[PDB]
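Asks: So here's data27.cif (mmCIF, C-alpha atoms and all ligand atoms).
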```
data_model
#
loop_
_atom_site.label_atom_id
_atom_site.label_comp_id
_atom_site.auth_asym_id
_atom_site.auth_seq_id
_atom_site.Cartn_x
_atom_site.Cartn_y
_atom_site.Cartn_z
CA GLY A 234 -61.74 15.28 114.97
CA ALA A 235 -58.06 15.03 114.06
CA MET A 236 -57.69 12.75 110.99
CA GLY A 237 -58.07 15.24 108.14
CA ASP A 238 -57.04 18.41 109.90
CA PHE A 239 -53.23 18.36 110.37
CA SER A 240 -51.33 21.57 109.58
CA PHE A 241 -47.90 20.16 108.74
CA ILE A 242 -46.54 23.48 107.48
CA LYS A 243 -47.05 25.30 110.77
CA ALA A 244 -46.01 22.18 112.68
CA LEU A 245 -42.69 22.10 110.83
CA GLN A 246 -41.98 25.78 111.36
CA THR A 247 -42.78 25.39 115.02
CA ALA A 248 -40.33 22.47 115.07
CA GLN A 249 -37.56 24.75 113.92
CA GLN A 250 -38.15 27.21 116.74
CA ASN A 251 -37.93 25.28 119.98
CA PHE A 252 -34.25 24.98 120.89
CA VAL A 253 -31.44 25.66 123.33
CA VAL A 254 -27.72 26.06 122.93
CA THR A 255 -25.27 24.76 125.49
CA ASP A 256 -21.54 25.48 125.98
CA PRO A 257 -19.45 22.44 127.02
CA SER A 258 -16.44 24.76 127.39
CA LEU A 259 -18.19 25.95 130.54
CA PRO A 260 -18.59 23.66 133.56
CA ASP A 261 -21.50 21.18 133.51
CA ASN A 262 -22.45 22.20 129.95
CA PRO A 263 -24.86 25.04 130.80
CA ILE A 264 -27.59 26.43 128.56
CA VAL A 265 -26.29 29.76 127.24
CA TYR A 266 -29.04 30.62 124.73
CA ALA A 267 -32.70 29.62 124.40
CA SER A 268 -35.50 30.13 121.85
CA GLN A 269 -38.89 31.68 122.54
CA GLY A 270 -40.32 28.29 121.62
CA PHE A 271 -38.40 26.68 124.48
CA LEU A 272 -39.69 29.38 126.86
CA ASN A 273 -43.29 28.69 125.87
CA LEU A 274 -42.92 24.96 126.25
CA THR A 275 -41.27 25.01 129.67
CA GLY A 276 -42.75 28.21 131.11
CA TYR A 277 -39.45 29.26 132.71
CA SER A 278 -38.20 32.84 132.12
CA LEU A 279 -34.69 33.37 130.74
CA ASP A 280 -33.19 34.24 134.15
CA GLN A 281 -34.21 30.83 135.55
CA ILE A 282 -32.63 29.07 132.56
CA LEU A 283 -29.30 30.33 131.22
CA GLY A 284 -26.32 29.26 133.29
CA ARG A 285 -27.79 25.82 133.99
CA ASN A 286 -27.75 22.29 132.58
CA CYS A 287 -31.21 21.57 131.17
CA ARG A 288 -31.34 18.49 133.41
CA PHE A 289 -33.26 20.97 135.60
CA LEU A 290 -36.31 20.08 133.50
CA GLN A 291 -36.09 16.62 135.03
CA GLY A 292 -37.80 15.62 138.25
CA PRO A 293 -38.81 12.74 140.57
CA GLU A 294 -40.40 10.36 138.04
CA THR A 295 -37.88 10.87 135.24
CA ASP A 296 -36.29 7.63 134.03
CA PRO A 297 -32.67 7.65 135.26
CA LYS A 298 -31.83 4.74 132.94
CA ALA A 299 -32.82 7.05 130.06
CA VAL A 300 -30.94 10.04 131.54
CA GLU A 301 -27.95 7.73 131.95
CA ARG A 302 -28.31 6.69 128.32
CA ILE A 303 -28.43 10.21 126.90
CA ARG A 304 -25.44 11.38 129.00
CA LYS A 305 -23.56 8.35 127.67
CA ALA A 306 -24.79 9.41 124.23
CA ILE A 307 -23.51 12.98 124.58
CA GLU A 308 -20.24 11.93 126.17
CA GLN A 309 -18.13 11.15 123.05
CA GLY A 310 -19.35 14.48 121.66
CA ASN A 311 -22.03 13.30 119.21
CA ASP A 312 -25.61 13.55 117.96
CA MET A 313 -28.27 11.54 119.82
CA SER A 314 -31.87 11.69 120.99
CA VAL A 315 -34.23 10.60 123.74
CA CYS A 316 -37.66 10.94 125.29
CA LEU A 317 -37.81 12.09 128.92
CA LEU A 318 -40.35 13.08 131.52
CA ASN A 319 -39.90 16.82 132.04
CA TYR A 320 -41.48 19.28 134.43
CA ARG A 321 -42.76 22.74 133.60
CA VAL A 322 -42.16 25.81 135.75
CA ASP A 323 -45.55 25.14 137.36
CA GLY A 324 -44.69 21.54 138.20
CA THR A 325 -46.92 20.08 135.46
CA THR A 326 -45.54 17.22 133.35
CA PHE A 327 -44.94 16.57 129.66
CA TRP A 328 -43.02 14.11 127.49
CA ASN A 329 -40.03 15.68 125.78
CA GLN A 330 -38.58 14.03 122.71
CA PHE A 331 -35.47 16.00 121.82
CA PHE A 332 -32.52 15.79 119.45
CA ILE A 333 -29.03 17.01 120.22
CA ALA A 334 -26.42 17.98 117.65
CA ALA A 335 -22.81 19.16 118.14
CA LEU A 336 -21.52 22.34 116.56
CA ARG A 337 -17.96 22.25 115.30
CA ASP A 338 -15.39 24.95 114.54
CA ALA A 339 -12.46 25.06 112.14
CA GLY A 340 -10.53 22.80 114.50
CA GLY A 341 -13.19 20.12 114.37
CA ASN A 342 -13.76 20.67 118.09
CA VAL A 343 -17.24 20.73 119.57
CA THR A 344 -17.77 24.34 120.60
CA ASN A 345 -21.50 24.02 121.34
CA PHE A 346 -24.52 21.75 121.43
CA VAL A 347 -27.92 22.61 120.03
CA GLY A 348 -31.05 20.81 121.13
CA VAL A 349 -34.48 20.93 119.54
CA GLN A 350 -37.33 19.91 121.84
CA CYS A 351 -40.64 18.35 120.86
CA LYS A 352 -43.53 17.78 123.26
CA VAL A 353 -45.03 14.31 122.59
CA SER A 354 -48.02 12.12 123.53
CA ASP A 355 -48.17 9.41 126.21
CA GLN A 356 -48.72 6.99 123.36
CA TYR A 357 -45.52 8.19 121.70
CA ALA A 358 -43.60 7.83 124.95
CA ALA A 359 -44.89 4.29 125.52
CA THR A 360 -43.73 3.34 122.02
CA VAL A 361 -40.23 4.77 122.27
CA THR A 362 -39.65 3.31 125.74
CA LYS A 363 -41.13 -0.13 124.82
CA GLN A 364 -38.54 -0.30 122.02
CA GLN A 365 -35.82 -0.46 124.71
CA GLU A 366 -34.39 -3.97 125.12
CA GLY B 234 -57.34 0.44 117.33
CA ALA B 235 -56.09 3.23 115.07
CA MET B 236 -52.87 4.01 116.88
CA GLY B 237 -50.99 7.28 116.41
CA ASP B 238 -51.35 11.05 116.77
CA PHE B 239 -49.92 14.32 115.39
CA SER B 240 -47.06 14.32 117.86
CA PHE B 241 -45.49 11.39 115.99
CA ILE B 242 -45.13 13.60 112.92
CA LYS B 243 -43.91 16.65 114.85
CA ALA B 244 -41.27 14.37 116.40
CA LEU B 245 -40.21 13.19 112.96
CA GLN B 246 -40.09 16.76 111.68
CA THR B 247 -37.86 18.03 114.49
CA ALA B 248 -35.45 15.14 113.87
CA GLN B 249 -34.65 16.44 110.40
CA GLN B 250 -33.19 19.71 111.61
CA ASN B 251 -29.56 20.71 111.39
CA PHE B 252 -27.72 23.79 112.54
CA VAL B 253 -25.26 26.47 111.61
CA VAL B 254 -23.92 29.56 113.33
CA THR B 255 -22.78 32.69 111.50
CA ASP B 256 -20.82 35.74 112.66
CA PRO B 257 -22.04 39.13 111.47
CA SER B 258 -19.10 40.77 113.34
CA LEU B 259 -16.95 39.33 110.59
CA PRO B 260 -16.97 40.40 106.95
CA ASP B 261 -19.97 39.13 104.98
CA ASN B 262 -21.41 37.13 107.89
CA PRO B 263 -19.69 33.81 107.32
CA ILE B 264 -20.58 30.41 108.76
CA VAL B 265 -18.37 29.63 111.74
CA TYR B 266 -19.93 26.51 113.27
CA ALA B 267 -21.93 23.64 111.75
CA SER B 268 -23.58 20.33 112.71
CA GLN B 269 -23.07 17.01 110.85
CA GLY B 270 -26.60 17.26 109.50
CA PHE B 271 -25.72 20.41 107.60
CA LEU B 272 -22.79 18.66 105.93
CA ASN B 273 -24.83 15.57 104.96
CA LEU B 274 -27.70 17.49 103.40
CA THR B 275 -25.52 19.94 101.44
CA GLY B 276 -22.77 17.44 100.59
CA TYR B 277 -19.84 19.68 101.55
CA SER B 278 -17.18 18.82 104.13
CA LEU B 279 -16.64 21.06 107.14
CA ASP B 280 -13.48 22.53 105.59
CA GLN B 281 -15.46 23.45 102.49
CA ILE B 282 -18.05 25.38 104.50
CA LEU B 283 -16.63 27.32 107.44
CA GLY B 284 -15.70 30.85 106.46
CA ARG B 285 -18.34 31.32 103.78
CA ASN B 286 -21.63 33.18 103.77
CA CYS B 287 -24.06 30.32 103.36
CA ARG B 288 -25.52 31.94 100.23
CA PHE B 289 -23.11 29.62 98.35
CA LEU B 290 -25.96 27.09 98.57
CA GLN B 291 -27.97 29.31 96.21
CA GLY B 292 -28.10 29.27 92.43
CA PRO B 293 -29.73 30.48 89.18
CA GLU B 294 -33.29 29.35 90.00
CA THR B 295 -33.30 30.77 93.54
CA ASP B 296 -36.10 33.27 94.17
CA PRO B 297 -34.27 36.59 94.37
CA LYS B 298 -37.22 38.29 96.07
CA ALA B 299 -36.97 35.74 98.88
CA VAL B 300 -33.20 36.18 99.17
CA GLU B 301 -33.65 39.93 99.46
CA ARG B 302 -36.24 39.55 102.22
CA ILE B 303 -33.63 37.53 104.10
CA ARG B 304 -31.05 40.30 103.60
CA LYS B 305 -33.55 42.83 104.94
CA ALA B 306 -34.22 40.69 107.99
CA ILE B 307 -30.53 40.25 108.65
CA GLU B 308 -29.77 43.97 108.35
CA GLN B 309 -32.54 44.65 110.89
CA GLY B 310 -31.48 41.92 113.34
CA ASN B 311 -34.84 40.19 112.97
CA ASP B 312 -35.57 36.47 112.99
CA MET B 313 -36.72 35.07 109.67
CA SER B 314 -38.47 31.90 108.52
CA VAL B 315 -38.04 31.13 104.84
CA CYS B 316 -38.00 28.42 102.18
CA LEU B 317 -35.34 28.64 99.49
CA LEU B 318 -34.17 26.56 96.56
CA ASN B 319 -30.59 25.43 97.25
CA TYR B 320 -27.92 23.49 95.36
CA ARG B 321 -25.84 20.68 96.82
CA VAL B 322 -22.10 20.47 96.15
CA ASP B 323 -22.83 18.02 93.30
CA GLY B 324 -25.26 20.29 91.46
CA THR B 325 -28.44 18.63 92.65
CA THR B 326 -31.08 20.84 94.21
CA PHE B 327 -33.41 20.71 97.20
CA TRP B 328 -35.85 22.92 99.03
CA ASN B 329 -34.40 24.41 102.18
CA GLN B 330 -36.80 25.46 104.92
CA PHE B 331 -34.85 27.38 107.55
CA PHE B 332 -35.21 29.58 110.57
CA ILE B 333 -32.73 32.35 111.22
CA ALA B 334 -32.44 33.36 114.87
CA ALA B 335 -30.81 36.66 115.81
CA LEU B 336 -28.32 36.43 118.67
CA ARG B 337 -27.20 39.37 120.85
CA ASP B 338 -24.26 40.33 123.06
CA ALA B 339 -24.65 42.07 126.43
CA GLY B 340 -24.70 45.48 124.72
CA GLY B 341 -27.66 44.16 122.78
CA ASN B 342 -25.78 44.11 119.49
CA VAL B 343 -26.31 41.20 117.08
CA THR B 344 -23.06 39.12 117.27
CA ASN B 345 -24.31 35.78 115.93
CA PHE B 346 -27.03 34.16 113.89
CA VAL B 347 -28.30 30.69 114.56
CA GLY B 348 -29.71 28.79 111.59
CA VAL B 349 -31.96 25.75 111.72
CA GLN B 350 -32.14 24.13 108.27
CA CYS B 351 -34.47 21.53 106.86
CA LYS B 352 -34.93 19.74 103.52
CA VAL B 353 -38.55 20.03 102.46
CA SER B 354 -40.83 18.76 99.68
CA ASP B 355 -41.95 20.27 96.37
CA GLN B 356 -45.44 20.31 97.85
CA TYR B 357 -44.19 22.13 100.93
CA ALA B 358 -42.32 24.69 98.85
CA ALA B 359 -45.25 25.14 96.48
CA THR B 360 -47.76 25.76 99.23
CA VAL B 361 -45.41 28.09 101.10
CA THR B 362 -44.45 30.39 98.22
CA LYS B 363 -48.17 30.27 97.33
CA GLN B 364 -49.04 31.44 100.87
CA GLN B 365 -46.68 34.33 100.13
CA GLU B 366 -47.75 36.65 97.25
CA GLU B 367 -51.28 36.43 98.69
CA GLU B 368 -49.78 38.01 101.81
CA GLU B 369 -48.35 40.64 99.46
CA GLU B 370 -51.79 41.46 97.98
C1 LIG C 401 -32.42 19.00 127.71
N1 LIG C 401 -32.12 18.99 126.31
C2 LIG C 401 -30.74 19.07 126.10
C3 LIG C 401 -30.18 19.91 125.15
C4 LIG C 401 -28.82 19.87 124.88
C5 LIG C 401 -28.29 20.69 123.73
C6 LIG C 401 -27.99 19.05 125.66
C7 LIG C 401 -26.50 18.97 125.38
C8 LIG C 401 -28.53 18.27 126.69
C9 LIG C 401 -29.91 18.21 126.86
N2 LIG C 401 -30.49 17.54 127.95
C10 LIG C 401 -29.69 16.50 128.69
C11 LIG C 401 -29.12 17.01 130.02
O1 LIG C 401 -28.48 18.27 129.88
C12 LIG C 401 -28.13 16.01 130.59
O2 LIG C 401 -27.11 15.81 129.64
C13 LIG C 401 -28.86 14.71 130.93
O3 LIG C 401 -29.67 14.90 132.07
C14 LIG C 401 -27.91 13.54 131.20
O4 LIG C 401 -26.76 13.96 131.88
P1 LIG C 401 -26.66 13.97 133.48
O5 LIG C 401 -25.47 14.84 133.83
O6 LIG C 401 -27.93 14.54 134.11
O7 LIG C 401 -26.42 12.56 133.97
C15 LIG C 401 -31.79 17.73 128.27
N3 LIG C 401 -32.35 17.09 129.29
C16 LIG C 401 -33.68 17.24 129.55
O8 LIG C 401 -34.26 16.76 130.53
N4 LIG C 401 -34.46 18.02 128.66
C17 LIG C 401 -33.95 18.77 127.65
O9 LIG C 401 -34.65 19.35 126.82
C1 LIG C 402 -28.24 29.70 104.68
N1 LIG C 402 -28.92 29.70 105.94
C2 LIG C 402 -28.63 30.84 106.73
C3 LIG C 402 -28.38 30.75 108.09
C4 LIG C 402 -28.14 31.88 108.86
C5 LIG C 402 -27.91 31.70 110.34
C6 LIG C 402 -28.02 33.13 108.21
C7 LIG C 402 -27.58 34.37 108.96
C8 LIG C 402 -28.22 33.21 106.83
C9 LIG C 402 -28.63 32.11 106.10
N2 LIG C 402 -28.68 32.12 104.69
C10 LIG C 402 -28.90 33.42 103.95
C11 LIG C 402 -27.60 33.85 103.30
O1 LIG C 402 -26.50 33.51 104.13
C12 LIG C 402 -27.58 35.35 103.07
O2 LIG C 402 -27.42 36.04 104.29
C13 LIG C 402 -28.85 35.84 102.41
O3 LIG C 402 -28.79 35.52 101.04
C14 LIG C 402 -28.91 37.34 102.66
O4 LIG C 402 -28.97 38.10 101.48
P1 LIG C 402 -27.72 38.36 100.50
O5 LIG C 402 -28.23 39.20 99.34
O6 LIG C 402 -26.61 39.09 101.23
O7 LIG C 402 -27.21 37.04 99.97
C15 LIG C 402 -28.78 30.97 104.00
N3 LIG C 402 -29.15 31.01 102.73
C16 LIG C 402 -29.40 29.87 102.04
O8 LIG C 402 -29.62 29.89 100.84
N4 LIG C 402 -29.28 28.62 102.70
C17 LIG C 402 -28.84 28.44 103.98
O9 LIG C 402 -28.93 27.36 104.55
#
```
How does the structure come out when it is put into structure tokens?
Ligand SMILES: *[C@@]12=NC3=[C]C([C])=C([C])[C]=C3N([C][C]([O])[C]([O])[C]([O])[C]OP([O])([O])=O)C1=NC(=O)[N]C2=O
Ligand SMILES: *[C@@]12=NC3=[C]C([C])=C([C])[C]=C3N([C][C]([O])[C]([O])[C]([O])[C]OP([O])([O])=O)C1=NC(=O)[N]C2=O
Replies:
Amino acid sequence: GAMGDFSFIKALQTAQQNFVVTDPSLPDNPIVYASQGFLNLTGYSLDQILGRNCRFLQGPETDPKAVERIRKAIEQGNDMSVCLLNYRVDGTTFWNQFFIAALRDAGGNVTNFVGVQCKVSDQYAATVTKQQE
Amino acid sequence: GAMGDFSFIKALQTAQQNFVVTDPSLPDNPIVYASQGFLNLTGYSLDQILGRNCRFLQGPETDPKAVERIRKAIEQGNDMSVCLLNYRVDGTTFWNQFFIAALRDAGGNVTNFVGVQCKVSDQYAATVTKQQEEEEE
């Protein structure tokens, strides 16, 4: 039973609270801050996270074509998105649809990236990957 | 058959988020960084934003009780989820659902705030302010 019973108000607030911030000033664009939401999704504690590129969430069966695409996406310094196979701290798997935006200072330089992460269904993942031509 | 699930909506909802960063170390906690999404939604250019407390988005029909709760949260270094009525640069209004995330330095002082903002519906706003007040009883 799912059809009537969707709580879009909690869903939306949850949406706002799963994120990381990265610092492309630093080498390999590490995560430097992370939300509690992100902790709960991934299962990793802060100490295992900050200082790294969140490509650590990737693993064996992650699509490299997709990874390639999103790195290409981020390269000019702009706002793109992607769905990727991601591994929890316990090795379990989940689809991660996430959206990356650049933060800019008074010089119009990208100081930081912010990324909101959304766990999504196999069905969703099929869809978004099928639409690749 | 009937294809789809909740995660499709969640995905759509997270795609509507945009971001700012403020600096409470500075006077009056001004915006210092912003994403393109924040400019589009509000209508202001980057130049017109950076350096201002983002209360400039507020106006005459903004719930003052809500604004004050925000101020309390900020003073205490707490996170805060809230829906406000904001005004674009052109005068038009919209409901702003946003999450304020406290950020600390190594001394454990608040040095930044991260803001995730979101345009939401009259129905959303209605329901949410309605869910408040009850909470106050
Ligand atoms: C990670 N989300 C995420 C969040 C931000 C703000 C940024 C800038 C990147 C991501 N990534 C992508 C990752 O860091 C990396 O850019 C890609 O792997 C492609 O580049 P490489 O160097 O590996 O070729 C995220 N990747 C994820 O797997 N999950 C996320 O949530
Ligand atoms: C502004 N969003 C927003 C984002 C962050 C990260 C922070 C710290 C604050 C906000 N505000 C609140 C506003 O700046 C101000 O701090 C409050 O009004 C506090 O009370 P006072 O009485 O000092 O004004 C935002 N307010 C909005 O209206 N819209 C935003 O997007």
Asks: Report the distance between CA of residue 288 in chain B and CA of residue 335 in chain B in Å, rounded to one decimal place.
Replies: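 Interatomic distance, CA of residue 288 in chain B to CA of residue 335 in chain B: 17.1 Å.
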Asks: Check every protein, DNA and RNA residue against ligand LIG 401 (chain C), keep those with an atom at most 7 Å away (counting all atoms listed in the file), and present them as a list in words.
Replies: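 Listed by chain and ascending number, the contacts are residues 253, 254, 255, 262, 286, 287, 288, 289, 290, 291, 300, 301, 303, 304, 307, 317, 319, 329, 331, 333, 334, 346, 347, 348 and 350 of chain A.
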Asks: Hey, can you check how far CA of residue 307 in chain B sits from CA of residue 329 in chain B?
Replies: 17.5 Å
Asks: CA of residue 303 in chain B and atom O4 of ligand LIG 402 (chain C) are how many Å apart?
Replies: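 Result for CA of residue 303 in chain B versus atom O4 of ligand LIG 402 (chain C): 5.4 Å, one decimal.
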Asks: With only C-alpha atoms and all ligand atoms counted and 7 Å as the cut-off, give the residues of chain B in contact with ligand LIG 402 (chain C), each with its shortest interatomic distance in Å and the pair that gives it, as a Markdown table.
Replies:
```
| residue | atom | partner | partner_atom | distance |
| --- | --- | --- | --- | --- |
| B:253 | CA | C:LIG402 | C5 | 6.0 |
| B:254 | CA | C:LIG402 | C5 | 5.4 |
| B:255 | CA | C:LIG402 | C5 | 5.4 |
| B:262 | CA | C:LIG402 | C7 | 6.8 |
| B:286 | CA | C:LIG402 | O1 | 4.9 |
| B:287 | CA | C:LIG402 | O1 | 4.1 |
| B:288 | CA | C:LIG402 | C11 | 4.2 |
| B:289 | CA | C:LIG402 | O8 | 7.0 |
| B:290 | CA | C:LIG402 | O8 | 5.1 |
| B:291 | CA | C:LIG402 | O8 | 4.9 |
| B:300 | CA | C:LIG402 | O3 | 4.8 |
| B:301 | CA | C:LIG402 | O4 | 5.4 |
| B:303 | CA | C:LIG402 | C14 | 4.9 |
| B:304 | CA | C:LIG402 | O4 | 3.7 |
| B:307 | CA | C:LIG402 | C7 | 6.6 |
| B:317 | CA | C:LIG402 | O8 | 6.0 |
| B:319 | CA | C:LIG402 | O8 | 5.8 |
| B:329 | CA | C:LIG402 | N4 | 6.6 |
| B:331 | CA | C:LIG402 | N1 | 6.6 |
| B:333 | CA | C:LIG402 | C5 | 4.9 |
| B:334 | CA | C:LIG402 | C5 | 6.6 |
| B:346 | CA | C:LIG402 | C5 | 4.4 |
| B:347 | CA | C:LIG402 | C5 | 4.4 |
| B:348 | CA | C:LIG402 | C5 | 3.6 |
| B:350 | CA | C:LIG402 | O9 | 5.9 |
```
